[PDB]
Amino acid sequence: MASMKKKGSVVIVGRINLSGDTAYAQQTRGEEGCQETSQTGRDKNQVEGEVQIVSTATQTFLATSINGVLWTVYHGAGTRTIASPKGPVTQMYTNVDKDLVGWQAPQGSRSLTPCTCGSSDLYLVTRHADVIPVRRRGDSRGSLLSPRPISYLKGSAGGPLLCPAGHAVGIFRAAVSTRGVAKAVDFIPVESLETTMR
Amino acid sequence: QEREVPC
Ligand SMILES: [Zn+2]
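- As recorded in the PDB entry, chain A goes by NS3/4A protease and comes from Hepatitis C virus subtype 1a.
- Its UniProt record gives chain A a comment under Catalytic activity (unreviewed entry), which states: "ATP + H2O = ADP + phosphate + H(+)".

Regarding the coordination of the zinc ion
Residue and element names in this part refer to chain A.
No. 1: The protein atoms that coordinate the zinc ion are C115 (SG), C117 (SG), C163 (SG) and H167 (ND1), at distances spanning 2.1 to 2.4 Å.
No. 2: Taken together, the four donor atoms coordinating the zinc ion and their angles of 93 to 125 degrees define a geometry best described as tetrahedral.
No. 3: Written as a sequence motif, the donor arrangement for the zinc ion is C-x1-C-x45-C-x3-H. With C115 in the loop between β7 (100–104) and β8 (121–125) and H167 in the loop between β11 (160–162) and β12 (168–178), this pair connects stretches of sequence that are 52 residues apart.
No. 4: A relative accessible area of 10% places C115 in the buried class.

Describing the nonpolar core
All names here are of chain A.
No. 1: In terms of nonpolar packing, the biggest core is built from 55 residues, with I66, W71 and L153 touching the most fellow members.
No. 2: Here the element with the most residues in this core is β12; it accounts for five residues.
No. 3: Both domains that meet at this core, namely domain 1 (1–112) and domain 2 (113–198), each give it at least three residues.

As for the domain arrangement of chain A
All names here are of chain A.
No. 1: Taken domain by domain, chain A consists of domain 1 (1–112) and domain 2 (113–198).
No. 2: For domain 1 versus domain 2, the separation of C-alpha centres amounts to 19 Å.
No. 3: Listed as interface residues are 25 residues of domain 1 and, on the opposing side, 26 residues of domain 2.
No. 4: A per-residue breakdown of the area domain 1 buries against domain 2 is headed by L62, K98 and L112, which together make up 27% of the total.
No. 5: At the junction of domain 1 with domain 2, the criterion picks out one salt bridge.
No. 6: In this structure, the salt-bridge partner of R173 is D99, at a minimum N-O distance of 2.8 Å.

What about the interface of chain A and chain B?
No. 1: In this complex, chain A contributes 17 residues to the contact, which on the side of chain B involves seven residues.
No. 2: Broken down by secondary-structure element, the contributors of at least two residues to the side of chain A that touches chain B are α3 (150–153) and β12 of chain A.
No. 3: The element best represented in the side of chain A that touches chain B is β12 of chain A, accounting for seven residues.
No. 4: Residues belonging to the side of chain A that touches chain B are distributed by class as follows: seven nonpolar, five polar and five charged.
No. 5: Pairing of β12 of chain A with strand β1 (residues 3–6) of chain B involves four bridges; the strand directions are antiparallel. Looking at β1 of chain B, one finds that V176 of chain A is bridged to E4 of chain B.

A word on the pattern of salt bridges
Note on pairing: side chains with opposite charge can pair once their charged atoms come close.
No. 1: A complete count under the given rule lists eight salt bridges over all chains for this structure.
No. 2: Residue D121 of chain A is joined to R135 of chain A by a salt bridge in which the shortest nitrogen-to-oxygen separation is 3.0 Å. Here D121 of chain A, found in strand β8, pairs with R135 of chain A, found in strand β9 (residues 131–136); they are 14 residues apart in sequence, far enough to count as distant.
No. 3: We classify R135 of chain A as partly exposed; its relative accessible area is 38%.
No. 4: Sharing partners across several salt bridges, the network here consists of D99, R141, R173 and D186 of chain A together with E2 and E4 of chain B.

Parameters at a glance
- Residues numbered from 1 in each chain as written, not as in the entry; some residues may be left out.
- Chains lettered and ligands numbered in written order.
- Heavy atoms only, no water.
- Residues with missing side-chain atoms left out of burial classes, pairs and counts.
- UniProt positions renumbered as here; feature names shortened; annotations may be inferred.
- Donors = N, O, S within 2.8 Å, 3.2 Å for Na, K, Ca; no water.
- Tetrahedral: all angles 85-135°; square planar, octahedral: opposite > 155°, others 65-115°.
- Helix = DSSP H or I, 4+ residues; strand = E, 2+ residues; numbered from the N terminus.
- Buried < 20%, exposed > 50% of the residue type's maximum accessible area, 1.4 Å probe, protein only.
- Core = buried A, V, L, I, M, F, W, Y, C linked by side-chain atoms within 4.5 Å.
- Domains from an automatic or database assignment.
- Contact = heavy atoms within 4.5 Å.
- Buried area = accessible area lost by both parts, 1.4 Å probe.
- Salt bridge = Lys/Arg side-chain N within 4 Å of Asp/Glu carboxyl O.
- Nonpolar A, V, L, I, M, F, W, Y, C, P; charged D, E, K, R; others polar.
- Pairing = 2+ DSSP bridges.

Here it is in structure tokens:
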């Protein structure tokens, strides 16, 4: 009992900057700082933007603010707290069945708005800051116009699928792969987030 | 066969 350890907090380590004409990844914290911040849960950095890059001790992935909640995947974050200026913040939503977790959006973040367009031409924002067209194929599936190796999509779970008007259509969670080639993606539709919130 | 790979 005396030597039992605790899991650290999820730590924001950067963002996918979508503020201008060019999408690009920015790092805001390096490895040592990330490790320290994960243990204290105290992160005094100013947060900006809609899509954060987040890390645990073992994975780096994405998290997206939609309607004042910072959302990511359960398979990345588990039940972990997130580091914040006031210390660790407990999850507000946890749903292993949807592969979905959420925390109150950090002050300074900007939130996307859920899509009401009912459109099927979508765009996936990756951890490498590419914006890839995705044709919607079902409630939770879309096809990549150009296939990619799965290596390329690893670390992008928690990132958004957007409509042409820039609304949030879903949260990316898993590649649909054959022999290492992703031709499609599985995502959590924004309507499922909306149900969770209401 | 296609499989889901969590990312
Ligand atoms: Zn829309």
